[PDB]
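Numbered from 1 within each chain, the chains take letters A, B, ... in sequence-line order.
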Amino acid sequence: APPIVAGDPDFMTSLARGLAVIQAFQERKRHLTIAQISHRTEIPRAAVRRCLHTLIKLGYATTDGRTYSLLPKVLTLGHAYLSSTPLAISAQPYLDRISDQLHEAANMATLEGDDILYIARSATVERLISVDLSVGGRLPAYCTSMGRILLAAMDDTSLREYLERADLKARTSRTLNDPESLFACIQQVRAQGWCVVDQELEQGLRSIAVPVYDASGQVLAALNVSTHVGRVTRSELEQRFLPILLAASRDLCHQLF
Amino acid sequence: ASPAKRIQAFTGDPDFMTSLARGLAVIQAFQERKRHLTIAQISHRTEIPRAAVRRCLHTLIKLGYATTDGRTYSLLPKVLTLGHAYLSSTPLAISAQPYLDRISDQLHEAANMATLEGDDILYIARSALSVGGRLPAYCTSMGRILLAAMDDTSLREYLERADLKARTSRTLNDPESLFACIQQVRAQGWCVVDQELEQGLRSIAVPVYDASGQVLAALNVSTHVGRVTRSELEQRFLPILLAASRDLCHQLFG
Ligand SMILES: [Cl-]
Ligand SMILES: [Cl-]
Ligand SMILES: [Cl-]
Ligand SMILES: [Cl-]
Ligand SMILES: [Cl-]
Ligand SMILES: [Cl-]
Ligand SMILES: [Cl-]
Ligand SMILES: [Cl-]
Ligand SMILES: [Cl-]
Ligand SMILES: [Cl-]
């Protein structure tokens, strides 16, 4: 190797704006201007400028005076959640055990808005469109197995509101993407207590998911196992993966509550 | 210097957003707490007044970043999406991932990439600690790569400032011994740390450069004493790491 050489009065608007400015960077690989951030967030430019100035002084962002980027310190905000949340902490040995036994990826997600949000994953690579899925990433609820678990937990009025507004695009030719077929699908998921999705999010990808409850019988999250097409038989998901996942969900609930 | 002290250093700055700074500090107050917190606990750790802690928490609850039962407070998974904003907007982290995956597959060991934050290294990508986790720089192989990249004034400032605890019987724990170690890492272009952070842990790291020769980050492989000898690290792992890091630099910067 070569050497190394040389009103609500308690709502704090500026905190809200600063977190929205951080969110404006989602999926933007080129540094951003104030104009772009203001456009995306509908926050006035002068406030965006102050937010960025504050983030820079605190080590969360950087600039050349014209454009702006985030710094790695932003990752420590998510680490504050991961290291203070029993659900995320306790689920990791379970996902690791599921994955070691099945030699497939295992995940846990919650609902955030119209998407599922990954909170913990086993140690396997799962690439969507050759990009690793990761803790903190989001996927649409209507076309994922964990999304359908979490939509099934809604009451019918909330579910219909979601289906009349959501972007139901046909991700593959298999995807259920009209409100009547999604509603009937979600009703069966309720009856079953589990959901299989077969290549409705992307070609080649199959997953099976179950709910995780708290002591009150409320759905806190979903657990799943996710696989590629030629890695499984057609009925292995239900016969092989499902009892493992049901048992893990039951064990995690008992451990926490 | 408490979080409130650091915030109050900018009272003369009219564009510094005090509430944003306190809310970020309130999120940080949860680090490694393992469970939920009261207003009084958060105020004690941050030294931010309780009224302000209350208003920040309230704002986080309204925005979906936290929850409460009226006595204790917890963060919500939406906080994770703040870190994802960095990951999905940073080509270094994005492009590093296939290399880390391939390295880990070949060696059946964990491979990581880290940058320097303050006196710690900060993990920005890993292939099967977590991303966003931190470790001290002085007794880790990536830490020593990144300290080696500093100029000598910054390195000495670090060595006088940092808390150099003896974590194992092998840890180098004084500024003179550590400076000598860093000069050897500079001469080498790589670093092996053998059980200076915890028993059984051994790792090897190299720098990641841009096209102008700035060190941007460090890449490493970490192992246990079980079956990987130091000769293996230096003769088998090191050529792989050097090749991956050169590939990454060329892919990102030409
Ligand atoms: Cl920038
Ligand atoms: Cl298709
Ligand atoms: Cl189903
Ligand atoms: Cl429910
Ligand atoms: Cl303060
Ligand atoms: Cl303010
Ligand atoms: Cl709580
Ligand atoms: Cl959330
Ligand atoms: Cl190390
Ligand atoms: Cl030891």
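- Contact annotation for A:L19: both backbone and side-chain heavy atoms come within less than 4.5 Å of a heavy atom of chain B.
- Closest approach of A:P3 and B:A187 over heavy atoms only: CB-O, 3.6 Å.
- In this structure, the separation between CG on B:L87 and CG on A:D132 is 11.5 Å, given to the nearest 0.5 Å.
- Only the side chain of A:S134 comes within contact range of chain B, with heavy atoms under 4.5 Å apart.
- Looking at B:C56 and A:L15, their side chains come closer than 4.5 Å, going by heavy atoms from C-beta outward.
- The OG atom of B:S130 sits 9.0 Å away from the CD atom of A:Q92 when rounded to the nearest 0.5 Å.
- With respect to chain B, the highest number of heavy-atom pairs below 4.5 Å among A:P2, A:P86, A:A61, A:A24 belongs to A:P2.
- A donor-acceptor contact closer than 3.5 angstrom links the side chains of B:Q28 and A:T76.
- If you measure heavy-atom distances from A:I119 to chain B, the contacts under 4.5 Å come from both the backbone and the side chain.
- Ranked by heavy-atom pairs shorter than 4.5 Å toward chain A, the options B:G83, B:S104, B:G189, B:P77 are led by B:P77.
- With a 4.5 Å cut-off on non-hydrogen atoms, A:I89 touches chain B through its side chain but not through its backbone.
- Of the atoms belonging to A:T110, it is side-chain heavy atoms, and not backbone ones, that fall under 4.5 Å from chain B.
- Heavy atoms closer than 4.5 Å to chain B are found in the side chain of A:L58, but not in its backbone.
- Residue B:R22 does not touch chain A at all, counting heavy-atom pairs closer than 4.5 Å.
- Counting heavy-atom pairs closer than 4.5 Å to chain B, the top-ranked of the candidates A:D8, A:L55, A:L87 is A:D8.
- With a threshold of 4.5 angstrom between heavy atoms, A:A16 approaches chain B through its backbone and through its side chain.
- Interface summary for chain A: among B:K34, B:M150, B:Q214, the most heavy-atom pairs under 4.5 angstrom belong to B:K34.
- Using a 4.5 Å cut-off between heavy atoms, A:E112 touches chain B through its side chain atoms alone.
- Within a 6.0 Å sphere centred on CD of B:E32, other residues, nucleotides and ligands contribute more than 12 heavy atoms.
- Here B:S89 is the residue among B:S89, B:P14, B:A128 with the most heavy-atom pairs under 4.5 Å with chain A.
- Between atom CD1 of residue B:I27 and atom NE2 of residue A:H79 there is a gap of 14.5 Å, rounded to the nearest 0.5 Å.
- Residue A:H31 qualifies as open at atom NE2: its count of foreign heavy atoms under 6.0 Å is 12 or below.
- A:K57 and B:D13 are not joined by a salt bridge, as no carboxylate oxygen comes within less than 4.0 angstrom of a charged side-chain nitrogen.
- The candidate with the highest count of non-hydrogen atom pairs below 4.5 Å against chain A, out of B:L37, B:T90, B:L76, is B:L76.
- Only the side chain of A:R127 comes within contact range of chain B, with at least one heavy atom under 4.5 Å from a heavy atom of that chain.
- Without hydrogens or angle criteria, B:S19 side chain to A:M12 main chain gives no donor-acceptor distance under 3.5 Å.
- Note that CZ of B:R144 is 12.5 Å distant from CD1 of A:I4, once rounded to the nearest 0.5 Å.
- Proximity to chain A is limited to the side chain of B:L242, based on heavy atoms less than 4.5 angstrom apart.
- Look at B:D15 and A:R49 and you find no salt bridge, because none of the NZ, NE, NH1 or NH2 atoms lies under 4.0 Å from a carboxylate O.
- Proximity to chain B is limited to the side chain of A:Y60, based on heavy atoms less than 4.5 angstrom apart.
- Chosen from B:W190, B:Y86, B:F30, B:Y209, the residue pairing most often with chain A at heavy-atom distances under 4.5 Å is B:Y86.
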